[PDB]
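> Model the structure of this input:
(chains A and B)
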Number of protein chains: 2
Amino acid sequence: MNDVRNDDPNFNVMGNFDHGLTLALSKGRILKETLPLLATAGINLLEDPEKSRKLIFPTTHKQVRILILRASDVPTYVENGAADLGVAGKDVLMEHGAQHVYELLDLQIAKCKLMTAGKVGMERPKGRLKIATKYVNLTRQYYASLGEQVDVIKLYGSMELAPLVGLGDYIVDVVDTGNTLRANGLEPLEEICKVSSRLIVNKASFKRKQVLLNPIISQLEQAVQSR
Amino acid sequence: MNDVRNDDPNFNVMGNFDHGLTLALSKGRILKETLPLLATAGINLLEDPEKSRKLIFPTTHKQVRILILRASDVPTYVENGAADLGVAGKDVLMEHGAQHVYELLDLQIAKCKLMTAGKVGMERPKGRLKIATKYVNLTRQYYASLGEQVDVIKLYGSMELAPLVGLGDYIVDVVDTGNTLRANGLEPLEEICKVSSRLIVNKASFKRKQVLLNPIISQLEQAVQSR
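Residues are numbered from 1 along each chain as shown, chains lettered A, B, ... in the order given. Provided below are the atomic coordinates:
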């Protein structure tokens, strides 16, 4: 039983294999809409990670370190217990189909729609369709829902490029406003599901470290104006 | 017509499905090392791609246009002849596959080694080894050599971060020199192979576009004087 939790000294503490808490966060617009909410719970960074060479950022909590991961890695880290909890699009989480995990909260930030997409004035091709996409299992299940089997093409980069150079017949990506799409002579077509960032917790992490977690979770819920 | 194909106008001189020549370049360090070889082949970009909105770039050549891709994707676009030819890490080509592609040149650039690595002063753990890596196939193929089997964990992110937060027993990554590694309290261990950046051509494009291809290839061959 020690007391002090507050931590001003940054570039300090951090440590390895924290048996305190270890928070994995996606690194895109998600990050920026996320840290506001963590603010509410007395968990804040002490520098600009944009401008740090640091790999494990310490926080205002002596008991919480932070990782900025590639958004595909977050469920990998929490699945395995490298992270006790983190934040990711339901898109990633559904595709990853992570095992040893609890989704505890729709943060209702970074909201958008997993959609099929096509070239402006597209023509339906002939035979088995090719689909350029980052989310394989999700399109494979969405076309399995319409009975059609398709040819898939995995990409890790910008999916907007694929149609303009003629990689796919169609693509599957997240559409927020889908303004970017129009600007590149492309169209939103259909809707596969609606999508927001979620808070996930390793199950065993949750069994033991409840003492630390409960306060944090409660505060995040309230920050969403959880009615 | 500014010169014959000398295209100074940037922001234009770029139509779609170029049935001229589409070139696929990997994103970061590789690029900076690829560009000067292209300069000595008559081919330069006309703006900083880092600070550019464009998804397709015109070049000094009007029959040549560049894509700047995630490295994982270069072989994928060229396999599909969305791109005629491409500049991809041999690490990536070996993990991916070589299908509808000729590997024409070892460009002798972005030279490094695919290695195992760990925390400094670690005991071989007891069970199946947990190997965190982007290069799953290469990690599996390699430990099969040694008569071992491993639980592989696919990462898309910083592979340096994994074994500090206790995610991998070891990692497999490409290693230039190992500075960045030892700095973060890791050490390179077993060299799986040497890696360098390679030119590849979609097989069809090679038959069909031999008039554009022939001189370019020849000037790239000459820019290399590794004898």
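
> top helix in chain A by residue count?
When chain A is parsed with DSSP state H, its longest helix is helix A:210-223.

> List the buried residues of that one.
Across helix A:210-223, burial judged by 16 or more other C-beta atoms under 10 Å in any protein chain shown covers A:212, A:213, A:216, A:217, A:219, A:220. (Each C-beta comes from the backbone N, C-alpha and C, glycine too.)

> show me what contacts the most centrally placed residue in chain A?
Nearest to the geometric centre of chain A sits residue A:88, at 2.1 Å (C-alpha atoms, centre = their mean). For residue A:88, the contacting residues are A:26, A:30, A:71, A:74, A:75, A:197, A:198, A:200, by C-beta atoms under 8 Å, 6 or more residues apart in numbering or on different chains.

> quick check, the fifth one in a helix?
Going back to what we said before, that points to residue A:75. Yes: applying DSSP: H, G, I helix; E, B strand; the rest coil, one finds residue A:75 inside a helix.

> burial count for it?
24 (other C-beta atoms under 10 Å in any protein chain shown).

> got the contact list for it?
Contacts for residue A:75 (C-beta under 8 Å, 6+ apart) come out as A:86, A:88, A:92, A:93, A:96, A:98, A:101, A:200.

> Ok, the second one next?
With contacts defined as C-beta under 8 Å, 6+ apart, the neighbours of residue A:30 are A:71, A:87, A:88, A:89, A:109, A:110, A:197.

> Spatially nearest residue to the fifth one (excluding sequence neighbours)?
Meaning residue A:109. residue A:33 (4.1 Å; C-beta to C-beta, 6 or more residues apart in numbering or on different chains).

> swap in residue A:17?
Excluding its sequence neighbours, the residue lying closest to residue A:17 (C-beta to C-beta, 6+ apart) is residue B:166, at 4.6 Å.

> The single longest strand found in chain A pairs with which strands, and in what direction?
Longest strand of chain A, by residue count under DSSP state E: strand A:112-119. Strand A:112-119 sits in its sheet next to strand A:170-175 (antiparallel), strand A:186-188 (antiparallel), strand A:193-195 (antiparallel), going by DSSP bridges.

> How far does that strand sit from its chain's centre?
Distance, stretch centre to chain centre, for strand A:112-119: 18 Å (C-alpha atoms, centre = their mean, to the nearest Å).

> go on, stretch A:107-118?
Chain-centre distance of stretch A:107-118: 12 Å, with C-alpha atoms, centre = their mean.

> about what we covered before: how about the secondary structure of the residue nearest to residue A:109?
Per three-state DSSP, the secondary structure class of residue A:33 is helix.

> Break down chain A into its helices, ranges please.
In chain A, the helices defined using DSSP H lie at A:29-39, A:74-80, A:90-96, A:136-145, A:161-165, A:179-183, A:203-208, A:210-223.

> Contacts only, for residue A:70.
A:26, A:27, B:156, B:157, B:158.

> for the residues you listed, which one is nearest residue A:56?
Of all these, residue B:158 has the smallest distance to residue A:56: 10.8 Å, by C-beta to C-beta.

> Just give me the neighbour total for the closest residue to residue A:35 other than its chain neighbours.
Spatially, and ignoring its direct neighbours in sequence, residue A:35 is nearest to residue A:45 (7.0 Å; C-beta to C-beta, 6+ apart). Number of residues near residue A:45 (other C-beta under 10 Å) recorded here: 18.

> Tell me how far residue A:45 lies from residue B:206.
Counting by C-beta to C-beta, to the nearest Å, the gap from residue A:45 to residue B:206 is 51 Å.

> swap in residue A:196?
According to C-beta to C-beta, residue A:196 and residue B:206 sit 47 Å apart.

> what's across from residue A:61 in the sheet?
Beta bridges link residue A:61 to residue A:6 when assigned by DSSP bridges.

> wait, isn't it in contact with residue A:42?
Yes: here residue A:61 reaches residue A:42: they are 6.7 Å apart, a contact under C-beta atoms under 8 Å.

> When these two are compared, which one has more neighbours?
The residue with more neighbours, out of residue A:61 and residue A:42, is residue A:61; 22 against 15, by other C-beta under 10 Å.
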